[PDB]
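# Examination of the molecular architecture
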Amino acid sequence: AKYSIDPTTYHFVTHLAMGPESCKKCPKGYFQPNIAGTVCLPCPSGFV
Amino acid sequence: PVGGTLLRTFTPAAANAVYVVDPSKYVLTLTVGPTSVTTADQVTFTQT
């Protein structure tokens, strides 16, 4: 807010994956098989 | 390490809190006797 206070990172950066706590897990009814895990696909048409 | 459960939470607890100080804000004066005097002349520290 100041332009004097020490900056954490660049301006255009808005979100960051700080630490492993960021790795939240999918809710029930959503599977995510891959490792990267960009998005959690909903369980398709009947499987649970 | 990851997630698990919370076990304890410490607290600053009423005036044992960390306080951050700006060293540039402190202002000091020394004003102790002369400067050019020789080994003969005693310099006087005026504590008041």
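Located above this text is the structure these notes cover.
### Quick look at a nonpolar patch on the surface
A cluster of nonpolar side chains, B:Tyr19, B:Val21, B:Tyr26 and B:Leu28, forms an exposed patch at the surface whose accessible area comes to about 580 Å². Classification of B:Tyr19 by relative accessible area gives exposed; the value is 73%.

### Some details on the environment of A:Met18
Tracing the backbone through its elements, the reader meets A:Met18 in the segment before β1 (30-31). Distance in space between the C-alpha atoms of A:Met18 and A:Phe47 is 33 Å, their sequence separation being 29 residues.

### Quick notes on unusual backbone geometry
Of note in the backbone geometry, A:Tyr3 takes a positive phi value of approximately 75° without being a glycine. Tracing the sequence through the fold places A:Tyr3 in the segment before β1. A positive phi is found at B:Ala14, a non-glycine position, where the angle reads about 65°.

### Digging into the packing of aromatic side chains
In this structure the tally under the stated criterion is one aromatic pair over all chains. On the basis of an interplanar angle of 25° and a centroid distance of 5.4 Å, the ring pair of A:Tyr10 and A:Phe12 is categorised as stacked.

### Notes on the state of the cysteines
All names here are of chain A. Scanning the model with the defined rule gives one disulfide over all chains in all. Between the sulfur of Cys26 and that of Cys40 lies a disulfide, 2.0 Å long from S to S. Sign of the S-S torsion, about 125° for the bond between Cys26 and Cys40, identifies this disulfide as right-handed. Note that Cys26 is positioned in the segment before β1 and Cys40 in the loop between β1 and β2 (41-42), a separation of 14 residues in sequence. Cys26 sits in the partly exposed class, given a relative accessible area of 33%. What makes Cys40 partly exposed here is its relative accessible area of 23%. In this structure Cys23 is a free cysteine whose sulfur lies 11 Å from that of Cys26, the closest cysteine sulfur available.

How each quantity is defined
- Residues numbered from 1 in each chain as written, not as in the entry; some residues may be left out.
- Chains lettered and ligands numbered in written order.
- Part of a larger assembly, values for the part shown.
- Heavy atoms only, no water.
- Patch = residues over 30% accessible without salt bridge, like charges linked within 9 Å, V, L, I, M, F, W, Y side chains within 5 Å.
- Areas by Shrake-Rupley, 256 points an atom, 1.4 Å probe, with all protein chains shown as cover.
- Salt bridge = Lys/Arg side-chain N within 4 Å of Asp/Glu carboxyl O.
- Buried < 20%, exposed > 50% of the residue type's maximum accessible area, 1.4 Å probe, protein only.
- Helix = DSSP H or I, 4+ residues; strand = E, 2+ residues; numbered from the N terminus.
- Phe/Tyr/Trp six-rings, centres within 6.5 Å; stacked < 30°, edge-to-face > 60°.
- Disulfide = S-S within 2.5 Å.

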